[PDB]
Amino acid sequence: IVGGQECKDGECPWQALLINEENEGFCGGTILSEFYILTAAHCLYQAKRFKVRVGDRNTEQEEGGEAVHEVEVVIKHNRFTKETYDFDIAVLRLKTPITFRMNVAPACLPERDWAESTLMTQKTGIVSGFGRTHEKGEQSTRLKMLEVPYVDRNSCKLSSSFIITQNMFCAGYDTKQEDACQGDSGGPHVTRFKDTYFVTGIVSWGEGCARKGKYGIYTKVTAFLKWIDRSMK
């Protein structure tokens, strides 16, 4: 996350962090229930062996409450391809259920029609992660969060050098230096409605980070609500 702020305690409890063999985070995810994590399909090629950390907000300093969970089943959308980055969504089933607690709890899956007309029509959403804090900088040891405006599809298409599909949406700023970045991929994009936060996006991709005239590209969760459902049962 470039710009934005560190999450205050309990502010971003649905954040999961994917950690490679070297114990380093390389992608985010969103806790959906005690057994399931939502993340990006494209994250599964950036490491063969990985685990899932939750309850973390500061990677350098270890606190009271972090936990690591092994991955049981990887459920990757069968239509994802690196060629297009379309269908950029995966669900993971953990080997051992999460115990919800301070800084560890799930984000809500919305009903589709209501999410389309009510959440995606809000001014802004929230994206979060431990990713790079500048395009060419290091990942953050503190969990950061950032408000990003929803950006209109047409404007996004024009701004983009790559095809934006109906399974994507854009969010962020034209020139303002705030965005997601390498390491946030897979992480949460949520939208607040009367004090409850609902999954709306999955940090997916961007050309650089926070570049002028480029936005953040997110997997459009509303396209995949039934898919996530089937994946979790």
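Numbers follow the displayed sequence, beginning with 1.
For the segment pair 43-51 and 202-210, the entry gives 43-51 the higher mean B-factor, averaged over Cα atoms. Mean C-alpha B-factor is higher over 137-145 than over the other stretch, the pair under comparison being 99-107 and 137-145. The residue among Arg93, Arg153, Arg132, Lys76 whose C-alpha carries the highest B-factor in the deposited model is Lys76. When the CA B factors of the chain's modelled residues are split into thirds, the value for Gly172 lands in the lowest one.
Per the PDB record, residue ranking by Cα B-factor puts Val127 in the lowest third of the chain. Annotation for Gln182: C-alpha temperature factor in the middle third relative to the rest of the modelled chain, per the entry. Looking at the C-alpha B-factors along this chain, the one for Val71 belongs to the middle third.
Per-chain ranking of the deposited C-alpha B factor places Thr191 in the lowest third.
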